[PDB]
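> Structure in structure tokens, see below.
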4 protein chains.
Amino acid sequence: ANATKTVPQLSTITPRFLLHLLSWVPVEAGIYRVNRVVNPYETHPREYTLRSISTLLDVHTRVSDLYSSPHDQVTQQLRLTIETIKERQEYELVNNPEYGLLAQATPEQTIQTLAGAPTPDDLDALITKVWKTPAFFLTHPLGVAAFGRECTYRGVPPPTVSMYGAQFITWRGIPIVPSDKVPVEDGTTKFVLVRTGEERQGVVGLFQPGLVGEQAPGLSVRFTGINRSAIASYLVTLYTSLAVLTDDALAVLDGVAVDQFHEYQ
Amino acid sequence: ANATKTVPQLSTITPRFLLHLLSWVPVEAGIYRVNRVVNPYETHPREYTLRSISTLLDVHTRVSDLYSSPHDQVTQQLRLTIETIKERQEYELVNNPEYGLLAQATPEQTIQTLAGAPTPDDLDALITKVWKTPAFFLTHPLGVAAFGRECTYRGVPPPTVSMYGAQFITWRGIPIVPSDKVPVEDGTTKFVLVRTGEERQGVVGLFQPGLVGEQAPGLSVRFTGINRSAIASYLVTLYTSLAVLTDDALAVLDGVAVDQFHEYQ
Amino acid sequence: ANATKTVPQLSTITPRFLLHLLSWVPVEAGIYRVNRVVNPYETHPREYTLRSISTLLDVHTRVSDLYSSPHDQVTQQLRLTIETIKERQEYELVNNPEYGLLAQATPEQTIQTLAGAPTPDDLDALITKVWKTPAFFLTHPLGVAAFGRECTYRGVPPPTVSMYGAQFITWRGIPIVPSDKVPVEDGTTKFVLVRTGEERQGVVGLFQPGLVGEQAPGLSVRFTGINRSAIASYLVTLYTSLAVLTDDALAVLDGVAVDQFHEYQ
Amino acid sequence: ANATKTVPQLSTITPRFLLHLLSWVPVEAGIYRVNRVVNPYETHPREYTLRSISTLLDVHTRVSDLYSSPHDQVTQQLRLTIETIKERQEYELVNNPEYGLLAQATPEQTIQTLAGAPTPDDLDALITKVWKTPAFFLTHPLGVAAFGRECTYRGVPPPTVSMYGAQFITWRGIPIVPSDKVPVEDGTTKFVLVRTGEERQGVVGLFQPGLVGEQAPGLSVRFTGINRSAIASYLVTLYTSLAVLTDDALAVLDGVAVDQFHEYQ
């Protein structure tokens, strides 16, 4: 007879902690200006214009024998499209060549590991670079494991904190947050220390309010007509950028090896 | 069309934890007398007269294409001037040759590191000198990193405390507070242990109330007329001093090396 | 350019407090049996079979220049259809000739007003009939006004309670809940005193779980194919009944006049 | 010597409880459409376009011997101008011929006093007209006194509630809020019963976001250049409208006499 079903399951849905850890500022015309005092009063402006993350969704008048209605098919496919768009937004916030965290860090704010593996000394140096209220560490889960191994070899157990239904390792009270959008190439990842906030001259994400078909901040769903085959189309858009108000709000630890192990017994 | 703007960003704005950790006593005529019992009853007085931290701000009838009004230009420039005056006040509280913390410490209250780097033994000795209710440690962020390294080598992880939106390392329950106004010369910094309070014979900051154009405790903004070029001027003033009620309320650890590392692997 | 719009507004949407005041029991096959001890042990069963509240919704491939998408048209029309179905459910719970509250009350549990208008004495008599934990009074808003008038003439102000975002007059601590589904004919309404609950032998509503296209308890939305004109149809169904476990859980005050006024001045 | 001064005092500043009791909806292009189901599904739209409350403020290069700076003169005069603009907004929300509360009430929702003075029976009738979650009563303070007198003659003391630093008489749990913008002509005022909220089909105020020189919701301050006499000008603007989503969200009691007294002794 009847079978109890589920909504479709997507394996690429991640918790996306970075989208909750950041502070989000609305930009009412897509342009953000940061005025920074040049001799630290004259100011030099830096401009941030929001960029589009977009996807076109074509819903068919086809069978799809898991939905039982055209209404449920459109609902589920819109939900999956929105989840994918938000995963892409997180990836872009870390990895964009223009406004990504890894790109907006300066050479004076970037340091290297002393001996490859991420040790407590390297995280201490990172804290020295962002000593004014660091908010979180950002790295790949492999990097979290490597740091935990190095801490265990030194006989130091770091505590954990509870946040967003997750458990986070903290170093000097600062959470270490895992993100799979942080690249791992040749066995090396990065550690990123970030201070967030506009009223403390930190790092803020940017979104555009008041769009057509708005569902989430900056997220727009709009119906782009009907073709000859009765295949309705929807355009889902997310205008995104990231702003660093002061340069000392962001530091990057480079050359973090994630495949080093200690001997015992 | 329109662009969303920011108030100007100053990179030299620090959290200024010392201005919140200290206790502030009002001085109604700029003179503070501390009567201390000579044989520990005859008393010998020590006098503290408030000194001026001042700056003259000239606002122009110029373009400044980031403000959109002469009213917004004056507001932002007054805000930045006040932030700079408070940073200077913190620097003077640490570094003044007359009433600074580093200057008012006695030779009997000043000790040296056993082997250069700041170890738990040195902080323990500092605590022995201020054993009656120490309030906080004060040092440069580099010194915080060096202490953390020495603690990690010894296998001892110090806990952290939450205060003023920050995370502080504590040794024996006493926060270690970072301050960039603590000097670092030749790779050596200082550690300062302080007990604050007037009702416990500690260290108190001094300010003058009831001034012309008062905005913050001891802070005065006054309009010094108009010149021929319609360039209005404002004088911003802060009368400040620091008092140590008892000598054992303040100790300094000297010769703290901040560039020593241990070998591993 | 753009205009900020609203979802459609329906004037017949009522708060439906009765659907929240009642206790709801699931019936897994549409049949409910109440076994009641005949001599108060032999038992005589009373059977309750759930009845269907249904409506067929035809969504068109028409213009409807307030929706901007066929998806938004279907969403809003389904929402309005569900609100109408729940209003009909409340009406049926009060007014059904088989399982309505007014029909299931016995002649021994039904009393009349002493002199037409609803006075505190009549509500006291109603409480005597349901003295074992009465839960709420149910009447038309006109009846609430008439009771308030009679209370004011007697010099007795009844207190109010806060519940479901509303303010309710209480008599002897029992809320008086307004419902427009309570009939008013010839200027006369009814007052209903009800004890709800299955574990206290009260009044429970009945619904069927595990249906096709379930959204709310007992509420099913199903897609009934496509016709030649591409007019999709949805069937929305609600199987409902009401059970009184013991006869003394329900009393009705009859002949309540709502248009009587006192003279003053 | 010095004298302690005050910011200027304006006697027309009222608490403006109505601006806090209402729910405010942003309109991103100045047009609001309310779609209401005609047969209670076809819909008939009602359009609300925001109207401007504006004032031009000319600040002089004059003496004004109470300010001590041109900066303090502009600050205080802008503050007073904004207070006056908000008082005008409250007046317009009550009294506008197009979107005022008194104008948007329908003849079927408007009732008259039984014998002139506002008695508990009249307020009960008003509650019958807005029985679905009334939020507050709105009237002149003279009307509040008249209602209190009529309640005292009947031997009924109404309780009070604490809200926005004020004490409000409640009838049937609904606050009676005083407003001097409610007219009193020929000794007669009005009582207004209002349900507020967009998600309960009530009454919402409308404002425009994202304006030039925004300080408060919908409030814009902009600098309109400099004339020959160096008299700078500012334009302060407030775009405002009021929307009633359902007709039964608003009722008005007419012909309320406020000068009737009872004899005693």
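Since every read-out is calculated from the coordinates, none of them should be taken as a lab result. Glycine gets a Cβ as well: all are built from the backbone with ideal geometry, and neighbour counts include every protein chain shown.
> Confirm whether residue A:187 is at positive phi and either surrounded by 16 or more Cβ atoms within 10 Å (Cβ to Cβ) or in contact with a helix residue (DSSP H, G or I) (Cβ under 8 Å, 6 or more places away or on another chain) (or both).
Criteria not met by residue A:187.
> Please state which of the following conditions residue D:142 fails to meet, knowing it meets all the rest: (1) surrounded by fewer than 17 Cβ atoms within 10 Å (Cβ to Cβ); (2) farther than 26 Å from residue D:219 by Cα; (3) not polar (S, T, N, Q).
For residue D:142, the exception is condition (1).
> Of all residues in region B:83-127, which are within 26 Å of residue B:260 (Cα to Cα) and among the hydrophobic types (A, V, I, L, M, F, W, C)?
Here is the first cut: in region B:83-127, the ones within 26 Å of residue B:260 (Cα to Cα) are B:94-95, B:102, B:109-127.
Those that are within 26 Å of residue B:260 (Cα to Cα) and among the hydrophobic types (A, V, I, L, M, F, W, C): B:94, B:102, B:111, B:114, B:115, B:117, B:123, B:125, B:126, B:127.
> Tell me, yes or no, whether region C:143-155 has at least one residue that is facing chain D (nearest Cβ under 8 Å), among the aliphatic types (A, V, I, L, M) and within 21 Å of the chain's Cα centre (by Cα).
Yes, some residue in region C:143-155 is facing chain D (nearest Cβ under 8 Å), among the aliphatic types (A, V, I, L, M) and within 21 Å of the chain's Cα centre (by Cα).
> Can you pull out every residue in region B:56-78 that is out of contact with any strand residue (DSSP E or B) (no Cβ under 8 Å at 6 or more places or on another chain) and facing another protein chain (nearest Cβ under 10 Å)?
Filtering region B:56-78 down to residues out of contact with any strand residue (DSSP E or B) (no Cβ under 8 Å at 6 or more places or on another chain) leaves B:60-65, B:67, B:72, B:75-76.
Across region B:56-78, the qualifying residues are B:61, B:64, B:65, B:67, B:72, B:75, B:76.
> Specify the residue that is surrounded by the most Cβ atoms within 10 Å (Cβ to Cβ); the eligible residues are those in region C:192-219 that are under 19 Å from the mean Cα position of the chain (by Cα) and of a type in the set (A, V, I, L, M). Even if it seems obvious, please write down each step before you answer.
Step one: filter region C:192-219 for residues under 19 Å from the mean Cα position of the chain (by Cα), giving C:192-198, C:202-208, C:216-219.
Now drop any that are not of a type in the set (A, V, I, L, M), which leaves C:192-194, C:203-204, C:206, C:216, C:219.
Numbers: C:192: 22, C:193: 28, C:194: 24, C:203: 24, C:204: 22, C:206: 23, C:216: 12, C:219: 21.
If we take residues in region C:192-219 being under 19 Å from the mean Cα position of the chain (by Cα) and of a type in the set (A, V, I, L, M), then C:193 is surrounded by the most Cβ atoms within 10 Å (Cβ to Cβ).
> Here's something else I'd like to know. Do we find a residue being of a type in the set (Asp, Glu), touching a strand residue (DSSP E or B) at 6+ places or on another chain (Cβ under 6 Å) and surrounded by fewer than 17 Cβ atoms within 10 Å (Cβ to Cβ) anywhere in region D:35-48?
So in region D:35-48, the residues of a type in the set (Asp, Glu) come out as D:42, D:47.
Imposing the further condition that a residue be touching a strand residue (DSSP E or B) at 6+ places or on another chain (Cβ under 6 Å) reduces the set to D:47.
After this cut, where a residue has to be surrounded by fewer than 17 Cβ atoms within 10 Å (Cβ to Cβ) as well, the list is D:47.
The answer is yes, given that some residue of region D:35-48 is of a type in the set (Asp, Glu), touching a strand residue (DSSP E or B) at 6+ places or on another chain (Cβ under 6 Å) and surrounded by fewer than 17 Cβ atoms within 10 Å (Cβ to Cβ).
> Mind checking which residues of region B:94-109 are of a type outside the set (D, E, K, R) and surrounded by fewer than 16 Cβ atoms within 10 Å (Cβ to Cβ)?
Selection gives B:95, B:97, B:103, B:106, B:107.
> Something else now. Going residue by residue through region D:245-252, is there one that turns out to be under 21 Å from residue D:14 (Cα atoms) and either aromatic (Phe, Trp, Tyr) or touching a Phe, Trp or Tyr at 6+ places or on another chain (Cβ under 9 Å) (or both)?
No, region D:245-252 contains no residue that is under 21 Å from residue D:14 (Cα atoms) and either aromatic (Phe, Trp, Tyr) or touching a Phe, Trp or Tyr at 6+ places or on another chain (Cβ under 9 Å) (or both).
> Would you be able to say whether some residue in region B:220-235 is among the aromatic types (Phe, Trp, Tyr), within 9 Å of another protein chain (Cβ to nearest Cβ), surrounded by fewer than 19 Cβ atoms within 10 Å (Cβ to Cβ) and touching a strand residue (DSSP E or B) at 6+ places or on another chain (Cβ under 7 Å)?
Initially, region B:220-235 is screened for residues among the aromatic types (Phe, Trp, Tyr), giving B:223, B:234.
Subset that is within 9 Å of another protein chain (Cβ to nearest Cβ): B:223, B:234.
Retained after the next criterion (residues that are surrounded by fewer than 19 Cβ atoms within 10 Å (Cβ to Cβ)): B:223.
Those still in the list that are touching a strand residue (DSSP E or B) at 6+ places or on another chain (Cβ under 7 Å) too: B:223.
Yes, that holds for at least one residue.
> Could you list, in sequence order, the residues of region B:246-265 that are crowded, with 20+ Cβ neighbours inside 10 Å and touching a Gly at 6+ places or on another chain (Cβ under 6 Å)? I'd like the intermediate steps shown before the answer.
At the first step, the residues of region B:246-265 found to be crowded, with 20+ Cβ neighbours inside 10 Å are B:249-253, B:256, B:258.
Within region B:246-265, B:249, B:256, B:258 qualify.
> May I ask you to verify whether residue C:189 is closer than 24 Å to residue C:113 by Cα, of a type in the set (S, T, N, Q) and within 19 Å of the chain's Cα centre (by Cα)? Even if it seems obvious, please write down each step before you answer.
Values: closer than 24 Å to residue C:113 by Cα: yes; of a type in the set (S, T, N, Q): yes; within 19 Å of the chain's Cα centre (by Cα): yes.
Against the criterion (closer than 24 Å to residue C:113 by Cα, of a type in the set (S, T, N, Q) and within 19 Å of the chain's Cα centre (by Cα)), residue C:189 qualifies.
> For residue A:11, which of the numbered conditions (1) within 12 Å of chain B (Cβ to nearest Cβ); (2) of a type in the set (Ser, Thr, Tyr); (3) part of a loop (DSSP other than H, G, I, E, B) fails to hold?
Going through (1) within 12 Å of chain B (Cβ to nearest Cβ); (2) of a type in the set (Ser, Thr, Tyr); (3) part of a loop (DSSP other than H, G, I, E, B) one by one, residue A:11 breaks only (1).
> Which residues, counting only those in region D:164-190, are more than 14 Å from chain C (Cβ to nearest Cβ) and either more than 19 Å from residue D:256 (Cα to Cα) or hydrophobic (A, V, I, L, M, F, W, C) (or both)? Outline the logic, then answer.
So the first thing to find is which residues in region D:164-190 are more than 14 Å from chain C (Cβ to nearest Cβ), and the list is D:164-167, D:177-190.
If the condition is that a residue be more than 14 Å from chain C (Cβ to nearest Cβ) and either more than 19 Å from residue D:256 (Cα to Cα) or hydrophobic (A, V, I, L, M, F, W, C) (or both), then D:164, D:165, D:166, D:167, D:177, D:182, D:184 are the ones that fit.
> Going by the structure shown, is residue B:246 over 27 Å from residue B:59 (Cβ atoms) and over 19 Å from the mean Cα position of the chain (by Cα)?
Values: over 27 Å from residue B:59 (Cβ atoms): yes; over 19 Å from the mean Cα position of the chain (by Cα): yes.
Criteria met by residue B:246.
> So, one more: For a quick check of your reading: which strands (runs of 3 or more DSSP E) sit entirely within region B:199-265 and have at least 1 residues that are on the phi > 0 side of the Ramachandran plot? Quick ask: steps written out before the conclusion?
Values: elements: B:203-207, B:219-226, B:232-244, B:250-257.
Fully inside region B:199-265 and qualifying: B:219-226, B:250-257.
> Also: Cβ contacts < 7 Å: first residue more than 7 Å from every other protein chain (Cβ to nearest Cβ), restricted to region D:111-136; second residue surrounded by fewer than 20 Cβ atoms within 10 Å (Cβ to Cβ) and in a loop (DSSP other than H, G, I, E, B), any location; separation 6+ or different chain. Result?
Listed pairs, sorted by first residue: D:116/D:260; D:117/D:260; D:122/D:113; D:122/D:114.
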